[PDB]
Structure formats: C-alpha cells, structure tokens
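Residue numbers (my numbering), protein chains in the order written: chain B, 1 to 142; chain D, 1001 to 1038; chain R, 2001 to 2208; chain G, 3001 to 3059; chain A, 4001 to 4173.
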Amino acid sequence: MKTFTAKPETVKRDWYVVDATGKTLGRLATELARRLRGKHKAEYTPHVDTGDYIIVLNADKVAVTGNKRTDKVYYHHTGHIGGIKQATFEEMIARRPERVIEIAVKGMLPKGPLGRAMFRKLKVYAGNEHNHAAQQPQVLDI
Amino acid sequence: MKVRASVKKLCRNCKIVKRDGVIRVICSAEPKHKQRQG
Amino acid sequence: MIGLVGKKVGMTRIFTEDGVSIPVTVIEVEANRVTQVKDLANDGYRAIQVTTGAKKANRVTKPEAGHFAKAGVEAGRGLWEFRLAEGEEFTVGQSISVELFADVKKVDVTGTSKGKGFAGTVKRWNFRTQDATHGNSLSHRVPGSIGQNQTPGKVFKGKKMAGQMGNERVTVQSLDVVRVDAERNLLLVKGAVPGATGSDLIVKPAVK
Amino acid sequence: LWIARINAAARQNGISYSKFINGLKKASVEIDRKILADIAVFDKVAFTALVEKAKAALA
Amino acid sequence: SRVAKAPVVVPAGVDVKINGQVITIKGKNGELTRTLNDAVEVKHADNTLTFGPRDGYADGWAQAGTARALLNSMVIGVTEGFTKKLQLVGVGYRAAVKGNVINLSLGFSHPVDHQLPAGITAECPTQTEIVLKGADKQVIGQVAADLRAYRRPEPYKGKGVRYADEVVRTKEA
RNA sequence: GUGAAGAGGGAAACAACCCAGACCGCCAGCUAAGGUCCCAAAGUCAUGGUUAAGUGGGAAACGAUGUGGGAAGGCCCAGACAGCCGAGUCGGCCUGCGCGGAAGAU
RNA sequence: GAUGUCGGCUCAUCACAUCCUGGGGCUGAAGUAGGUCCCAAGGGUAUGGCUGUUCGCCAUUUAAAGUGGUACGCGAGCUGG
RNA sequence: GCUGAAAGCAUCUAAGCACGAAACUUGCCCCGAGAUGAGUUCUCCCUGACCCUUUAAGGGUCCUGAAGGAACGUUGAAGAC
C-alpha cells in the first residue's frame, strides 16, 4: 500500500470569524498560523494547502505586555543609500492598525509560493464590521 | 551639573534620589553639589 | 480655492509714471464651464471638473460627446479638475470667468517646460570640465569616477548621469498679479513662467 | 508525516500524541504508526475506540 | 500606612457620592470629582471616610496614603478654598487684571498677557502684588508656577516675580 | 585524542569540539548528544521559589534608601524615631537575582 | 602559469569622539566678551607665494575654514612632477 | 516643574498633571494601481440561423463586422530609433 495524499481539486474549506479585543499578540498569531496551514486536520500534507478562511475583527485593540507599547521598533530599508526607517508600536497602531497582525502572522508561515498562497486567506479589519455575510462564517473562540 | 561615575554626598544638606532609572544628588544649600551618574 | 485654465500668449513690459519698467507675461483666460461635480457620498471626495476652448465636431468621439451632452455644454479641448474647500458650491453648466482674481495679490502658475532631449552631465548637473591641455587624453567633458573599490563594489541608486532633460511638469510660486482685464479676458503677471508660446497653463491663488 | 497526522487525529478526540502513545504501551497494543495513520484517515470510529482504550489504561 | 490609617471627617454641609472608583464631593464652594487607583477601597462609615488596600496587590498601602491625602485636600477645598500670593521686584514692573486676563510689563519689547483657566480668580490690591483664589490645589499651584516662569529671580539684585514667603539668596561680583 | 586517510546526528552556517565507526535492501521498532509556542519532529506538562532589567540575548576598578533570605546587637509603656503624641526605630555583618560605568564607519 | 603601490584632477558615500548655526546645567557668570560639561549629524564648512610634495611656514579673507573609515575610496576615468 | 505617599517630615514619580530643539512624523514641490492586495467615477457599442459528438467553460458551417484602433500621407518650440 501507498500512503494517502490529498488533492487540491477535492479539498474542503470553511469560514470562521474571530475577535481580537484584549488578546495577546503572539499567542493569537500562533493559532492563526496553525489553522491557516492546516495542521489541525488528519488530512495534512506538506505540499498541499488544506487550510481554512479566517476573519479577524477589532485589530486596533490587541494587547502587549511589559513596556513594549512604547519600546518595540519596526524597521525597514527603502533601497536607496541611507534609507533606513523605523516606527514604534504606538505609531503603527495609530496609522496602520491591520499591519501589526499581518506582519506577525506572515513571520510564522512557510517561505515560498505555497506560503504566499496560504497568506491570501486572512482578512483583517480594524473595527467591528465586515461585508462577508454571504459566506456565513461561524464564531471561533481563541 | 557634575556628570560622573562615582557620585556621593558632600555635605550634610545633600540628598540622594532615583529618577527614571538614574541616580542623582540634589542639595538645598550649594548649587555646586548637583550631581548625576553617567 | 479653485483656479483656472489658460494659454500662454507672450511676454511684454509695462511702464510706470515713476520711470520703472515691469516685465510681464500675458495669459489669456476664457470662460471655464463646469462638467461634473464630485461629492463624498458617490465618489469619496469633493471636486469640480471643467472644460474650456473649442473643438471640431469630427474629432469628438461618441463617448466624449455623450459625456458633454449629459452636462449640456459645448465641447472643448480638454478636461481638468479642482478640489473644493468647506463652504464652496457649484452647479453643472455654470460658467466661471477671470473676474475671480479681482482681489488676489499673488498666484502660482503650472505648465510643461521646453524639451532639450538627451543631455550630458555638464549641462544637466553642472559638472566641471577637466583640462583642455597639459596632456589630457580624450577626457574633456566625461564624468570622471563613479564609485569606490571592492567595498561596496557597486554603484549607488540615484547617481547623477546623462539622460533626458526637460519636457516635464513644473511649478513656479508667488508671482505678483499686475493686471486683470475682464472685457478682453486677460491676466498679466510679473516674471517668467514655464512653457513655450501657445501652451496650456494652470493658475491658482498662492499657497504660501 | 505519520506522526504529524496521528497528533492531529488524537487532539480531535481530546488527548495529545505523547499521552496516547504512553497509554497504548501500558495497554500492550502493538500497532505501528503507518497503520495508525491509515486508520486515522480512513476509519474514525475505530480510531475513537483506540483512544478510549488508551484513556482507560491511563486512568 | 500611617497617613492612610487616619480617617477623614466629613463636616456638615458637604455631600459625598461614591460609585466604583469615582468619587464626587459637593460643598458650598463648588464640586470636585476624582477617579482612584484599582488597589484602593474607600468606605463612608457615618461621618468619616476610610481607605484600605485590596487583596491581590503589592503596593496597596502607598496608594492608600496618596488617596487619603487627595480626599483630605478636596474636603478642605470645597469649604474654605486655597489662596496664593505673588510679588514683583524691579523698576518699571507692573501687573493688572481685566476679566480673566493678567497684563504684565516686565522689561520686554512687548506686553505679556496670561489667560486664567476655568475656576481660578485673581486680584491686584497694588500694582506690585497679585492674589489668586480657587478650590483646586494643583491647578492653583500650576498657575502660580507659570506666572513665575516669565521672569525668574536673579542672583545679583533679586529682580523678577517671586512668591511672598520665598528666600532669595544674593552674591557679589 | 581527532583530522590527514572517516561518511551519519548536534553546535544557525563552521576539517581539528560533543555523540557515534557506513557489506547490500525495507513506506517496521528502541535509544545517544541535543530538544518538545509557530517557521520545524515531540509537554502552551505537574508542584514550590526568584527576576521587571527584553536582564535572559557582549566587558573592569568603582558608585547607590532596587529587593529576597539568615545570624546576632543599641534605644523604647518608668513613653522611643520624625515633626510640631502613643508603637516601634537605628546602624553595621554574611548571602541570591537585578541597576549605572558602556562611543563607529553600505 | 602577475591583486599596477606617492602626490594632483574629476566624482563621491558613511560614522560622531561637533568646527559653525540650534537647545541647556555650573562658574573665581555685574553688562559686552569668555571658561567647562550634557543633548543634537538637518544644512554648511577659503583663495594665493615657496616646494614633486601629503604636511608646514607666510599674505589676505570667512559664521566657520571639523576629526576619521571606504584596497592609506577613485589609472578597463585623466595626468606622469 | 505641579500635586503626592512608600518613610507622620522631605522628595519632578511609584498612581496622576504641565512645559521643552535646525534631529523624528506632517505641512511645500515631482513620480506613482505590475499596490498580482492589479482600486473608484462618467460616457459609448454589439439583441442571427443550423450541424456533429466521447455532453462540455466542446468542435464546426452559413449570415454578419459595431464602438474604436492601427496603417499610409503633410508635419511640430516633441525626438538617437
């Protein structure tokens, strides 16, 4: 006998909705990455995507511990000589709240075409409303 | 202000205090006694 | 505030009674006709769109003609847009003339500059020429060195080199308004503005 | 691969992989990981019965 | 600790309202409100207020002392009130009051105008003297410090704006 | 002792360090060093303590009411320390973990 | 079985142990003008006589004429003292 | 600097509140939806019959050819092409 392998043409996926108000950033990101990759199903296969769709609400109310709210720095370089730039957690929350969760989850997925594909199933919002009622998501408690 | 690595009381009116993680000496009699660790 | 679209006619001078000569640029400003109003509910911002001039019928395609016929105005040679401030209102089909600048003191003018084509570093970036004698060998207007050694081992982004020069959008700020003539549709400003004779200009009240 | 699938199946019935293996050893069940993963994918009632056996052994 | 273990008396003519950690004190001179820290519990026995730590915190006693001092100041303020005095020293230095604005001449090439906040009153019994009245200790202190910052007492002659009861040292060249 | 003339696993990458000596095949099982939140196989295990510096994840002489433990002292209900009346207060010793001293070139 | 080595010209980029401009504490700080330490790298930062010189001395200017790294930056870019 | 305990006093800090620089983020000028996360708004154009088969985002025959575009010519204060 040969071991079972899943097929991209016949996999099944489902829609969940989550609330981030007051949760710890990293300990929520781990769960998001787990369920986007599909490690919780018995059909898991490293070279196929067998994950689920997840909506996240209230991204501007996520929490951190310690003195991180004023001391965690995000960096990036623009490609021009001398172009190194930075921002703090508070600043990032003020201008681009969704990026905070997006960057953290993107760091915990596999690197390559399949990982970039897995990232496309995540939908992050800043308030308490979404426009995906036609898909009928179910509430997930994390 | 005196910025140094060894800071200590120089007369009976000196006082030691800790502010925002720094160790400082303040005096109510002599402005020359004002010290900061660094 | 809103501004207007006009055309560059030429340059002349004005003599004053104290014996001063003011050099001026002459701008022709016909009536600007409103074609579309954009609001927050339907578009997401607040602006007006205008046309000016005239255009021959057999050069107007059906999409353009339908757009003009919705507003109920005659066809012109282009379409431009201006952003609105709080407490400014307009209606479709309305006409705006050069009497808008009756009490303004300074303006900003925008246009497209003359094109020089492919240019060297001496003319494009004001480099210095090397020696014309004393044994120079084929290197008189050339750029020189362009980097360092094995560290870093490349050329940095944004280096100054030879290439296309001119024929781009330019703005010049804070020009005195010298005269406003409404019976002949003329505006006279002090100094030079970008472009060539016969080109299009955008005129606005000064931001600083 | 077999180990990953068995962990996923066991957590859906309420136990972790390490505990499940310990309970099977204490109950003297000698089915290997290839067959365990095959049953996990193709027959879920039987897998539930195996999990109950392990839990009883640990109790 | 010791400061927090002394209860605060509530005299006749003052109303005390408690809701969670928000407290309101209302008297003849006005009304004051304050929110307290999450490690203090406050009780209104019969005519006294008492303060205590809440089990689960490691700095309850310090917070209790702070809360006691603050409530004591509020009770004094709503009945009597607080006052402060400022004095000017120099040649050509002058103050005046109009509405809720103090006009100051202090040797500059322009005048100084200071706009009082809501709840603070000022008076000038003499051209070289200012008196402030109010019901909020911190606000009145801040206003006095702001007024002093315009021209600080200098060490060779003593010129500028000073507090009434302040000792200003001087030295020789 | 190992490399030279030695492959496999660990130390991110890394002849000479740690574990261990490859005759051939297998879609069986147990362990070594090193590990068990996600990249990435396995405890978001159990019970009692310490740290608030992202210390952990670079460094000295020396400086300071950070704060956990221990063995002894001086004064005090016959009223102590502080300030202007009623329960504690002073300064040395040994020891665990943190803090300053700490400036570089795409 | 080859990695062209001093000085000049052209063209640069980074650090901060800061020369100028910006903000402060102490002074044996009356004022003008100075001394010393802390914070700060946005922009700016000479022409000539002599000598192959880098340096250096001299003449006359400037708010000021910073200190270092980049194969003691730069010859498939130039010179050849 | 204000108010304020731990530490009955004092103390800019532990809980609270206020000032403060050419450095930081904006305000000024130019590019910018290949932003594959490929966005929005206004206007215009196309309204016929059959056959086969392995029956499907299937192949073919007759009738039809719009909005618009490209090509060629006379050329520009646009340009190496």
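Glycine residues also receive a C-beta, built at the ideal position from the N, C-alpha and C atoms.
Review point. Using a beta-carbon distance cut-off of less than 8 Å, what residues from the segment 63 to 88 of chain B approach chain R?
Key: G79, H80, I81
Review point. Got a sec: which bits of the segment 2142 to 2173 of chain R sit with their beta carbon under 7 Å from any beta carbon on chain B, in order along the chain?
Key: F2156, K2157, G2158
Point to revise | Amino acids of chain B, ordered along the chain, whose beta-carbon sits closer than 8 Å to that of G:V3041 | key: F4, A42, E43
**Study point:** Closest Cα partner of D:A1029 within the set A:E4172, A:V4167, A:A4173
**Key:** A:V4167
Exercise for review: For the beta strand (DSSP E) containing B:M1, list its first residue and its last residue.
Suggested key: Careful: B:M1 lies outside any beta strand (DSSP E) and carries neither H nor E.
Review point. Taking buried to mean at least 16 other C-beta atoms within 10 Å of its own C-beta, is A:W4061 buried or exposed?
Key: buried
Practice item. Identify every run of the beta strand (DSSP E) within the segment 3011 to 3056 of chain G, keeping only runs that are complete inside it and at least 3 residues long; order them along the chain. Key: none
Exercise for review: State buried or exposed for R:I2096, treating a residue as buried only when at least 16 other CB atoms are found within 10 Å of its CB.
Suggested key: buried
Point to revise | At least 3 beta-carbon pairs within less than 8 Å: the segment 3027 to 3043 of chain G vs the segment 3052 to 3059 of chain G | key: yes
Exercise for review: Compute the distance between the beta-carbons of R:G2111 and R:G2076, then report whether it is under 7 Å.
Suggested key: no
Review point. Is any beta-carbon of chain B found at less than 7 Å from that of G:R3005?
Key: yes
**Study point:** CB contact below 7 Å: G:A3049 versus chain B
**Key:** no
Check your understanding: Closest by CA to A:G4119, which one among A:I4130, A:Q4087, A:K4159, A:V4078?
Key -> A:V4078
Check your understanding: From what residue to what residue does the alpha helix (DSSP H) around A:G4134 run?
Key -> A:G4134 -> not in any alpha helix (DSSP H); beta strand (DSSP E) instead, spanning 4129 to 4134.
Practice item. May I have the straight-line CA-CA distance separating R:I2048 from R:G2072, to the nearest angstrom? Key: 16 Å
Practice item. Compute the distance between the beta-carbons of R:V2020 and R:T2012, then report whether it is under 7 Å. Key: no
Review point. Quick one: is G:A3054 near chain B, going by C-beta distance under 7 Å?
Key: no
Review point. Hey, A:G4056 and A:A4004: beta-carbon distance below 7 Å or not?
Key: no
Check your understanding: Whose C-beta lies closer than 8 Å to the C-beta of B:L36 among residues of the same chain, with five residues either side of it excluded?
Key -> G51, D52, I54, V105, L109, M118, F119, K121, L122
Check your understanding: Residues of chain G with a CB under 9 Å from the CB of B:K39: which are they?
Key -> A3004, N3007, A3008
Practice item. Check whether the Cβ atoms of R:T2051 and R:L2079 lie closer than 7 Å to each other. Key: yes
Practice item. Quick one: using the 10 Å Cβ neighbour count with 16 as the cut-off for buried, is A:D4146 buried or exposed? Key: exposed
Review point. Where in the segment 4032 to 4099 of chain A do unbroken runs of the alpha helix (DSSP H), each at least 4 residues long, occur, reported from the N-terminal end onward?
Key: 4060 to 4079
Check your understanding: Going by Cα to Cα distance, which pick from R:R2083, R:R2124, R:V2005 is closest to R:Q2164?
Key -> R:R2124
Review point. Does DSSP classify B:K23 as helix, strand or coil?
Key: coil
Point to revise | the segment 2086 to 2102 of chain R touching the segment 2025 to 2034 of chain R, judged by at least three CB pairs closer than 8 Å | key: yes
Practice item. Give the straight-line distance between the Cα atoms of residue 4176 of chain A and R:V2026, rounded to the nearest whole angstrom. Key: Residue 4176 of chain A lies beyond the residue range present for chain A, which begins at 4001 and ends at 4173; the question has no answer from this structure.
Exercise for review: Pull up the DSSP beta-bridge partners for R:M2001, would you.
Suggested key: Its beta-bridge partners do not exist; DSSP assigns none.
Check your understanding: Mind checking A:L4032: buried by the 16 CB within 10 Å criterion, or exposed?
Key -> buried
Practice item. Can you have a look at R:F2068 and say buried or exposed, based on whether 16 or more other CB atoms are within 10 angstroms of its CB? Key: buried
Check your understanding: Do R:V2203 and R:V2107 come within 7 Å of each other at the CB atom, strictly closer than that value?
Key -> yes
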